[PDB]
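Residue-level structural notes
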Amino acid sequence: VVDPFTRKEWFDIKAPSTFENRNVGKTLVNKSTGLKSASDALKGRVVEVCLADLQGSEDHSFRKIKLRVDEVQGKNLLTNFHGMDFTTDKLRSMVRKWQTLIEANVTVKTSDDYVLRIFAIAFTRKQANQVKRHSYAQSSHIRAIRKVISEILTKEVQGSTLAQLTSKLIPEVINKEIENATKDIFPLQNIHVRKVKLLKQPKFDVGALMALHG
Amino acid sequence: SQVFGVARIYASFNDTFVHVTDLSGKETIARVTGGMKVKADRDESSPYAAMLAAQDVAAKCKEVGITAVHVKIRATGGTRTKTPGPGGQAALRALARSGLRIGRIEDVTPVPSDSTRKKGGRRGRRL
Amino acid sequence: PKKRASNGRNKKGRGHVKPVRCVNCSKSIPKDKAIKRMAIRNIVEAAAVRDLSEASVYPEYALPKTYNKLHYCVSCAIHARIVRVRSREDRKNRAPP
Amino acid sequence: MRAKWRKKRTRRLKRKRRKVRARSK
Amino acid sequence: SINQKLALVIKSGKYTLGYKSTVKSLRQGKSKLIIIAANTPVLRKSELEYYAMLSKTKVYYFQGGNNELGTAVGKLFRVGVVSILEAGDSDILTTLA
Amino acid sequence: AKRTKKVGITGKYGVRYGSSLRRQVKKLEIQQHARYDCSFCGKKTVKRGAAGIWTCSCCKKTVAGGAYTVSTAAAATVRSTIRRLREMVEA
Amino acid sequence: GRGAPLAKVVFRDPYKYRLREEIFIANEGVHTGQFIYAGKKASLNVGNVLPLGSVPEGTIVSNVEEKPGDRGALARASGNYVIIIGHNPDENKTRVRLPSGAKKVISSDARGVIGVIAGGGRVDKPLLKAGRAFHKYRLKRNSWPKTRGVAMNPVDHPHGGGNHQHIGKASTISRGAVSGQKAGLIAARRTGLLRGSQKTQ
RNA sequence: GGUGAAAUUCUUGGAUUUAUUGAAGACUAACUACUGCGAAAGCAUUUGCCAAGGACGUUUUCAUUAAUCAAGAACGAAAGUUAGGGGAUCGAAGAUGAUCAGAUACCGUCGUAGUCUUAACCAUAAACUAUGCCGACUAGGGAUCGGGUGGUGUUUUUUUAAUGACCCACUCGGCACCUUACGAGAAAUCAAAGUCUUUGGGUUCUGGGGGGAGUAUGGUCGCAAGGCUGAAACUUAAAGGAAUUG
Ligand SMILES: [Mg+2]
Ligand SMILES: [Mg+2]
Ligand SMILES: [Mg+2]
Ligand SMILES: [Mg+2]
Ligand SMILES: [Mg+2]
Ligand SMILES: [Mg+2]
Ligand SMILES: [Mg+2]
Ligand SMILES: [Mg+2]
Ligand SMILES: [Mg+2]
Ligand SMILES: [Mg+2]
Ligand SMILES: [Mg+2]
Ligand SMILES: [Mg+2]
Ligand SMILES: [Mg+2]
Ligand SMILES: [Mg+2]
Ligand SMILES: [Mg+2]
Ligand SMILES: [Mg+2]
Ligand SMILES: [Mg+2]
Ligand SMILES: [Mg+2]
Ligand SMILES: [Mg+2]
Ligand SMILES: [Mg+2]
Ligand SMILES: [Mg+2]
Ligand SMILES: [Mg+2]
Ligand SMILES: [Mg+2]
Ligand SMILES: [Mg+2]
Ligand SMILES: [Zn+2]
Ligand SMILES: [Zn+2]
């Protein structure tokens, strides 16, 4: 004698700025009654959409994104960065036998003071003419690849918030400066950022947040 | 084109779950389990069941609003079997075959940088 | 007596590896003695692939298989998986197929 | 009987004759 | 390292150990660099420092106790301060210090 | 000339109270009676005098510490954890 | 009669030219001649007194106030402390876990002094003989030694009498018992050898 | 939920599923291999620090300083013990749900100690290659790990190089595998288990039919549990190994 759907207030999800479709999807709440309202209650949920489902082209089939809801207005709720994950399949595929895996991470701030820890993975590659059947690095190789990745990733951040960092990551500029520095040490294939998580946001700043909008 | 949500099909042995939610997760929409749609414990996970539950589940999905939905299929995981149950397939199968849309579906099985000792002790389950 | 130079399986110059847990019965078993299978397989399956792209958005989509490494305990590897048991000679052949 | 179980057999058996001899110390 | 430079100073130069005399050093402007131990109390410190700036002597706060500074200079007792008068082959006066 | 096989300072209790207890008391007597390194002037001359109070022969500094030892394990970690959290406030 | 040493700490008097002295329970590692800082805007060092509001969770303090300015009530015995385990800034509260294991939530203005109380471990040491007990209570109160109520005549105690010594009835007494009845295990909601780990969840 | 099937159990306390965040302790998945290192036990996230090592290179240095070892000593998986801490997980004991003729078990649940760590004990494992160490010699092949050498080799573009990773030949020293077998073995098999009635390079240690029995005893070490050392009476015609056909 209820059926919450005869009572669910409804809603649609809007995305930020540095992508393609600002429109994402729909949601449900509960009519903003006196004592417990649809506003302040939830909103502050999160949503994971593959950015190939967000940027259009599938050269992006992996690479998932975490968007969070901060502010809301009349059947319209905006969203801002909250993370970026890979996919299980790609990773589980990238990790082949017969080759060295190399991972490394760092914790670092931005201008607009969000704190994050981004990750990075690479794999030693066979060189085209290789006779031996595996290709492994010399540890000393691996420590030096990590140190560069590290030297690189710490530079890439503290540039104009995730804002720019977001704009930085999407076309994977980082990926190739890695590839750049690296090739002086060792072959290496794939080479991605793979993960980045958020752990200490600044303060709301209704002004600044509203900058990705229009 | 559609209105979107998330599928999330947990298929272990002994039972298979299906339940669509708001693409944010916080808000449900219709569940129903393999156990629900037949009665004999032993059969609580069979594809023949997971179908009839994915039947009920699709119905409420298109009866409330969701026109489409991405799936995140999943085994027990942790320190357990890690491999998909029987009724993951049938469910998926019989829920796209219900006239709902499919789009970009990954496997969200939890997998650990191993440990917390598995159960059943160093000598295995001997029976 | 002896009926394997590799003794159990695969450890020359180590003295101690480290035990994994059998995917089937959970028996502990040294990693090098383990017996392993890469269970790479489609997320969908046999029949579903048509009714996949049929009731979907996107063109043909992409499709992303599931990959996981399987470890058996001999007894479990024998009871079902890779084993049979082989003649005194067939034994020595390590070639997969 | 299993060797390990007979090794325990006599292991006990000693711990008992150990006992009875102390009554006499 | 700094101790390595220090023990070079010791075996080719002229120094003096401990409070009263590295004050005589400071008054006569004979001191080229005084070295103050971690734990020596902040009066002794502040005062030496005062004396120091009055003769313009650069001061090196030795991260380490009077017990080690004694070892630093190869003596089996403890020293709270060392004073440099002649720097041997060592470059202490004109390195990072 | 090794005087006793294993009782050490715990000799005084002769035979009474039983090994176990004597063993325990020995451990902490040795703890509580011993001379310690002075954090300030740096001569091993902190001797005890009533639980918790550790003072220095010369230089005369007196520090609150453990009941039978200068620094209790807990209070030390507490030291270093206070290090950590304070770090969080200038950084 | 005190496990832990005291620290005599002297202050200037804000309002009159003169020294005014306080009696602090010494936290471990504070020492003679050390400068002690007390106040809202004061730094996070061992020995200072700070209002639980201003210290990050995980802080470890002593002699903490139940209500602001009660001049210090919680954890004072040689070896104890309390741990801030989070704050709720609106209605400035601050949740702590006391020595007992209990969590309790008090005003953020409640002061506490950073550290643990000195003299820890005092109870690890066997008294050994009756005398050391004796000399212990000699400076506490007249509670020692203790005649077993079961060795008294019945005039004397619920346990008294019998032709053998025995409690003769359940020794777990009701909370609602009446004076002259409550001797035994008052209000005991279990009894027997505590097996298994303890430690509040 | 769990199983072969179940039941104990959990569920207006919205279980199980979902979502966001938080805490605890353990662990180090995939990459992981007939790959590495260490005297053995053993060792797999990063990064700093601390000292250590082999192999290699060497027209450096000392110059017999060495090989092996009763006594004695360092270390020594798991469990177990002492005193703290920790106590997520899994879990001897215990209790239960089932199964069973029974079922003190196998299977399911609750779960103590334990599992982790500090200080200290204990000194044992199929602690296994069931194969002592140093030296010599005797026979083919392709991989590989480390080091070095050689090349008008490849790939990296810039302006050629320099590098780096690769390729090819060689050579020390590793972890193994291949095929042979002059040879050895009771055989299985073995580049040593070969160079042994054609019996000798140097040295350590252990065994002498089976059971009695690693029992008794003494000594000794240990908090203990127990470790080391360790008999005899009596009994007995086989125990045992490897291969063969059933
Ligand atoms: Mg056999
Ligand atoms: Mg046989
Ligand atoms: Mg071993
Ligand atoms: Mg008697
Ligand atoms: Mg009295
Ligand atoms: Mg009494
Ligand atoms: Mg009494
Ligand atoms: Mg009487
Ligand atoms: Mg009564
Ligand atoms: Mg009475
Ligand atoms: Mg009575
Ligand atoms: Mg009695
Ligand atoms: Mg890893
Ligand atoms: Mg002797
Ligand atoms: Mg010996
Ligand atoms: Mg436990
Ligand atoms: Mg039982
Ligand atoms: Mg029963
Ligand atoms: Mg039993
Ligand atoms: Mg042995
Ligand atoms: Mg073996
Ligand atoms: Mg050869
Ligand atoms: Mg070359
Ligand atoms: Mg006969
Ligand atoms: Zn198994
Ligand atoms: Zn002193």
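Residues numbered from 1 in each chain as written, not as in the entry; some residues may be left out. Chains lettered and ligands numbered in written order. Part of a larger assembly, values for the part shown. Heavy atoms only, no water. Residues with missing side-chain atoms left out of burial classes, pairs and counts.

Focus: the arrangement of the chains
With 5 pairs of chains in contact, the largest contact count belongs to chains F and G. Regarding chain C and chain F, which are not in contact, the minimum distance between any of their C-alpha atoms is 34 Å. Contact between chain D and chain G is absent, and the least distance between their C-alpha atoms amounts to 28 Å. (Contact = heavy atoms within 4.5 Å.)

A few points about the pattern of salt bridges
As enumerated under the stated definition, the model contains 27 salt bridges over all chains in all. For A:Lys64, the salt bridge is made with B:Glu106, and the minimal N-O distance between the two is 2.3 Å. Note that A:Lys64 is positioned in strand β4 (residues 64–68) and B:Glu106 in strand β4 (residues 106–107), a pairing that runs across two chains. Assessed through its relative accessible area of 9%, B:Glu106 is described here as buried. Across the pair F:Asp37 and F:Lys44 runs a salt bridge, and its minimum N-O distance is 3.9 Å. Take F:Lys44: its relative accessible area is 49%, and that puts it in the partly exposed class. (Salt bridge = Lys/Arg side-chain N within 4 Å of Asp/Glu carboxyl O. Helix = DSSP H or I, 4+ residues; strand = E, 2+ residues; numbered from the N terminus. Buried < 20%, exposed > 50% of the residue type's maximum accessible area, 1.4 Å probe, protein only.)

Comments concerning the nonpolar core
Counting 40 residues, the largest nonpolar core has A:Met84, A:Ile118, A:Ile149, A:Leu153 and A:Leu188 as the members making the most contacts within it. Examining the composition of this core, we find that 5 residues originate from one element, helix α3 (residues 140–156) of chain A, more than from any other. If you look at the next biggest cluster of nonpolar residues, it comprises 25 residues, including B:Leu92, B:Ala96, B:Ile105 and C:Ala48. (Core = buried A, V, L, I, M, F, W, Y, C linked by side-chain atoms within 4.5 Å.)

Overview of the interface of chain F and chain G
Chain F puts 31 residues into the contact, and the matching count from chain G is 30 residues. Of the roughly 2,400 Å² buried where chain F meets chain G, counting both sides, 70% is carbon and sulfur surface. Inspection of the chain F/chain G interface yields 0 salt bridges. In this assembly, chain F and chain G are joined by 10 residue pairs in polar contact. Counting residues per element, the ones that place at least two in the side of chain F that touches chain G are α1 (19–33), β4 (62–64) and α2 (73–90) of chain F. Broken down by element, the side of chain F that touches chain G gets its largest block of residues, 7 residues, from α2(F). The residue makeup of the side of chain F that touches chain G, split by class, is 18 nonpolar, 9 polar and 4 charged. (Buried area = accessible area lost by both parts, 1.4 Å probe. Polar contact = N/O pair within 3.5 Å; in protein donor to acceptor, adjacent residues only side chain to side chain. Nonpolar A, V, L, I, M, F, W, Y, C, P; charged D, E, K, R; others polar.)

Considering unusual backbone geometry
Leave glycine aside and you will find that most residues have negative phi; peptide bonds, for their part, are mostly trans. Along the chain, G:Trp144 connects to G:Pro145 via a cis peptide bond; the corresponding omega equals 0°. Within the secondary structure layout, G:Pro145 lies in the segment after α1 (130–137). Even without a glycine there, the phi angle at A:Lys43 is positive, about 60°. Tracing the backbone shows A:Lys43 in the loop between β2 (23–28) and β3 (46–50). If you check the backbone angles, A:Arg63 has positive phi at about 55° while not being a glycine. Its place among the elements puts A:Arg63 in the loop between α1 (52–55) and β4. Among the residues examined, A:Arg63 registers a relative accessible area of 7% and is labelled buried.

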